[PDB]
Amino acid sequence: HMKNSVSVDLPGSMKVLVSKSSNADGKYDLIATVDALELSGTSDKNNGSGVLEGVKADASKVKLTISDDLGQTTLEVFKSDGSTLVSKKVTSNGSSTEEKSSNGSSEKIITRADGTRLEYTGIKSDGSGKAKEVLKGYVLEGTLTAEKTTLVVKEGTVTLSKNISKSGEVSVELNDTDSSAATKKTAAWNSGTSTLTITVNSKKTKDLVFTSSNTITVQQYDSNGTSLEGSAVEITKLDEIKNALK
């Protein structure tokens, strides 16, 4: 594998072998095996960071780039002339983003460290596409535009929209076509508290909190809409989101 070497753990359970000492040019040798393909390179650092390359049996070019502080790996596959990416996987702090492009359409899967996922399919040149968020216990469906991702839950005449900016910032909104002004839902979003407060007939009815853990909780107000009551309950299934929208 490599004489006089040490092994270094990388993000995404990868490993690289680095020579214990440098060559006459001061550089260190790097060897890694990624899904059975051996990649090799050299680096002017001694810690496992740098660039390694290999070629698949179908002549595709593979490059692994390990950031200077070992915090991130980028694994790229190119067509045989090296000029066109076919796939790119970036992993850091237990999260991965995998992109593949072909025929003017792209796919992107973000796997979060908690196991939840954001999945984009059929991304077009204007930045639009289809979107899915895979949460613990339920899936949200929606769309992607150049502006934002919008995941939608509909219940009766109510539509709940969870928006995710390109930065990953979450905001939420509600629409309701209800013709009865006594039962129509409206809602206000508070970014500082990550809370959507729903109102019906001039009374706040519930707070939906969109947590840093990619969960949703719901807590009701009292019968006057002027104090919260009970304790917040974590939602675990799609039909529980819909119940909160009734």
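Residues carry their position along the shown sequence, with the first being 1.
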| property | result |
| --- | --- |
| Stretch with the greater mean C-alpha B-factor as recorded in the entry, comparing 30 to 38 against 48 to 56 | 30 to 38 |
| Higher-B stretch (mean Cα B-factor, as the entry records it), 192 to 200 or 175 to 183 | 175 to 183 |
| Selection from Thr74, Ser101, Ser161, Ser128 [criterion: highest C-alpha temperature factor in the record] | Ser101 |
| Criterion, highest CA B-factor; candidates, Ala24, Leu17, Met14, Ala232 | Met14 |
| Third of the chain, ranked by Cα B-factor, where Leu245 sits | lowest |
| B-factor third for the C-alpha atom of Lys132 within its chain | middle |
| Where the record places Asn224 (Cα B-factor, split into thirds across the chain) | middle |
| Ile123 CA temperature factor, ranked by third within the chain | middle |
| Where the record places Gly94 (Cα B-factor, split into thirds across the chain) | highest |
